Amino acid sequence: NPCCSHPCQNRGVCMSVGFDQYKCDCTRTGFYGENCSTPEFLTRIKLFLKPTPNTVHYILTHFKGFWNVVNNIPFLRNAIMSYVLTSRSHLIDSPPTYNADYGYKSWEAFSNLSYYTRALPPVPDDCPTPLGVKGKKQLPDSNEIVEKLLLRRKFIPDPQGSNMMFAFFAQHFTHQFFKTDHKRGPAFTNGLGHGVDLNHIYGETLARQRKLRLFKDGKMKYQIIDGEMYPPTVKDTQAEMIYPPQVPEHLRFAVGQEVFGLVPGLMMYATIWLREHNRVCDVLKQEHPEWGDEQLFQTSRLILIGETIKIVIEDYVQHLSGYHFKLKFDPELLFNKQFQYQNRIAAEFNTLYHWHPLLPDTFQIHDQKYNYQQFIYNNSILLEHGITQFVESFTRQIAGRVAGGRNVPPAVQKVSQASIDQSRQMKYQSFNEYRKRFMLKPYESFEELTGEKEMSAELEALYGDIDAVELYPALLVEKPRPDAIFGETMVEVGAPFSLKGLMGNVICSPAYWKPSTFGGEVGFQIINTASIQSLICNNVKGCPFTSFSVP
């Protein structure tokens, strides 16, 4: 296949013409020529006036005195936030295009929701090398890559101070749209909503939802233990959950997501959100005594969705970005813009979000310290200590650094390898191709990627060519930004995926973004004043202080 070398630059579409020739479609790329590499006049100018991401990142992470002024001038904050949203939006194809089985546009790829979509097309089948034309005939041994480059020798804490509240929020939140269907294969998903629908609370299907609902006051089923509200059982709901035989019947908590019983950190947030839903039902009941159970349930769901997006932007992304600028969740910022209120989850977004290095060596709850074997599938620990003690402890324990290499816990060594192996059967293009796909300069050397000497040497011994380095491994060994959890690429690729999934949500559209949608101003206000602190304060006994970073 002549398109194996990925000849078309700047988002140009490559098409074969006969057996030995190809053609590049430069339509609306701002470039022309055989490979869409010659800039148009207007393009030369725009390229000359674009700051580098590292320049812009510097600006947003310094001058705290300046940003403190900007954050308190609504007009400016709105203007800045508007830029942040729109300056990235042009990097996501919407409606979506390719998937694992289609490197050309097709109705199958567009219409079949069981697939993850793809930011870059899959490497064609019969190519000289797995990645196209660069690199060796065979990719390096995946286990060898994990051990030499990814495995933790000594715990590397996150310099930004991200804690376990953050790490488990990241996992809980993203696992509502990262639901890989490993029956079919890594290219397929079970989250047909393809975004923030809160299916991990309410269930992916109506059948599961009816098993989880109380059908009184709009609320979700629950049980009281030691005066505290917890999720219901599988026995009570008949809602299937993933549990080992060793887990007794009365400890098989049923929640929206079948796998959230795997780890107590997930069951903590599931409990918190469950409580929040029933709390909002009580508020709405007070406001609307004429409302029935169905409308109480549906309106509460729409509110929690709003809370979720609110919290993710203004607390979660806020902490992750390290910006002194105060991010703002406000759908009105897009009402005068060209924006598509739809989204399809990208397989690469999933891959890049394998933040295994976040995980500590042991989990520390109160006085106790649990290893992975003791912590996994253990709702006893949740009942023993309680949510309050969980929050206090998770807020204090720091997470591991994601970029910079060699920080993956040996306990999840198999999962790290799987991420590499699964990236290969989905035929991912190289790291540098994804750099270019998101307006970044390709690395010219291994040393430029890692910013050090020995890991880069290992990469060269394994891959040989810098253009042969794979997406997932490179993201984890990439040179971090100064005192940051990530490197340049992780942010520049992830941010557009993330913002698209948040602002693209239907509740953000002008027809939905109204008080009547959420039951009136009281309901609308719950969204617009939501925070990770208030979420905990409203639903966790004692109202403990919490944050996404260690104090």
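So that there is no doubt, residue numbering starts at 1 and follows the sequence shown. Note that the rigid core is defined as the largest set of C-alphas that superpose within 1.5 Å between two forms.
Relative to the shown model and aligned on the rigid core, the C-alphas in 5 other deposited structures of this protein deviate most, among 80-88 and 177-185, for 80-88. Averaged as a root mean square over residues and superposed structures in 5 other deposited structures of this protein, CA distances to the shown form are larger in 46-54; the pair compared was 484-492 and 46-54 with a core fit. According to the PDB record, 409-417 carries the higher mean C-alpha B-factor of the two stretches 409-417 and 166-174. Of the two stretches examined, 420-428 and 187-195, the record assigns the greater average C-alpha temperature factor to 420-428. The entry assigns its greatest Cα B factor, within the set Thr205, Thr271, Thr388, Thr86, to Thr86. Within the group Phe75, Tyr102, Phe215, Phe438, the record's highest C-alpha temperature factor is found at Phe75. Sort the modelled residues of the chain by CA B factor and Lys514 lands in the middle third. For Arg344, the recorded CA temperature factor ranks within the lowest third of the chain's modelled residues. Annotation for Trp355: CA B-factor lies in the middle third of the chain's modelled residues. In this PDB entry, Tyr377 carries a Cα temperature factor that places it within the highest third of its chain's modelled residues. Sort the modelled residues of the chain by CA B factor and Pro51 lands in the highest third.
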